[PDB]
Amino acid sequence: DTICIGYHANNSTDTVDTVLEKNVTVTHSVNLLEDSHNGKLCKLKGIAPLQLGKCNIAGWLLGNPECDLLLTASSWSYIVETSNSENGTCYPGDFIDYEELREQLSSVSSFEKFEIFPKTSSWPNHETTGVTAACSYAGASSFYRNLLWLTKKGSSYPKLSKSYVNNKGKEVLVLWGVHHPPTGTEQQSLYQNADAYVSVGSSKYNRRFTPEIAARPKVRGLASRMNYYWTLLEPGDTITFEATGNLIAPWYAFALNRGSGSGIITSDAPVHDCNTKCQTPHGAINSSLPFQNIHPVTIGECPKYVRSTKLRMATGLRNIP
């Protein structure tokens, strides 16, 4: 003889917050905040990141002797440096626009190393055999793999002129360096000329370098310095090196197609074969939700970072069993 109007109730322990009241228990709810990561560094947009092992980007590019790459990968969606990348330029000095170069190499779809100026046939009038104890491999004095140290031949250093035309149909990254001896005695000892200079030029690039001679504290045993320079050579464009001394010549260069809007992640998390649309230094996360508290610095299509520990949205109704 009775009909009643009522609402659902259940065993749900879920609680949400409202503007009026804290910790209201509801029958059903959904979570708008991503609180979890997989603790791994994964492939972004189907492509694995660049792993440099014992070296950083500087050491890898310049070909530091401790950097073991049979081949640099053909492509990467971003670059991973670890706490174990300790080896940059082994010959003390400044890497110019280093941060910029890193940013622009963050993602590439085509990467190949090639011999731009072959060691054997390029420099007949100069001695190419210079090495140093600062750069050592297997207990013996060595040098960068991708650069060549040009010194005077038989007490003479004739003006050198060398050009490369880019037929690769893509951007060629050309690296070189300039050596700065500590004393004027050493300047004449190596390159023979005190008035020496280095000139590098292309359609979009022109610059000149002169040896700065000064006494300096020994870094890695050397009072000398070596500065490192780079330029991205356009397809079809030519680059020309002229020097009366002090030039550390390009040996190997890189041909590439730059991507865009990528970056570098510093994490010791292990790199695996998984996939993600959002990568954080702590690990990859699922991007389906609007918010995440894992980390403010991310690479990918990612939820907006918030410090919220809890965002939980009531779907059901107040639970009253």
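Start at 1 and count along the sequence shown; that's the residue number.
**Student:** Pick between 105-113 and 86-94: the one whose mean CA B-factor in the entry is higher.
**Tutor:** Result: 86-94.
**Student:** Report the stretch with the higher mean CA temperature factor, choosing between 301-309 and 17-25 on the basis of the entry.
**Tutor:** Looking at the record's C-alpha B-factors, the answer is 17-25.
**Student:** Whose CA atom has the top B-factor in the entry, of 166, 199, 155, 146?
**Tutor:** Top of the list by C-alpha B-factor: 155.
**Student:** Report the option among 53, 261, 46, 290 whose CA atom has the maximum B-factor in the deposited record.
**Tutor:** The record points to 261.
**Student:** Where does residue 119 sit by CA temperature factor within its chain: lowest, middle or highest third?
**Tutor:** Within its chain, residue 119 is a middle-third residue by C-alpha B-factor, going by the deposited values.
**Student:** By the record's CA B-factor, is residue 270 among the lowest, middle or highest third of residues in the chain?
**Tutor:** As the PDB entry reports it, the C-alpha B-factor of residue 270 lands in the lowest third of its chain.
**Student:** Compare the C-alpha B factor of residue 162 with those of the other modelled residues in its chain, then answer lowest, middle or highest third.
**Tutor:** Tercile = lowest for this residue's CA B-factor.
**Student:** C-alpha B factor of residue 217, ranked within the chain: lowest, middle or highest third?
**Tutor:** Ranked within chain, residue 217 CA B lands in the middle tercile.
**Student:** Taking the values exactly as deposited, rank residue 140 by C-alpha B-factor within its chain and report the matching third: lowest, middle or highest.
**Tutor:** Highest third.
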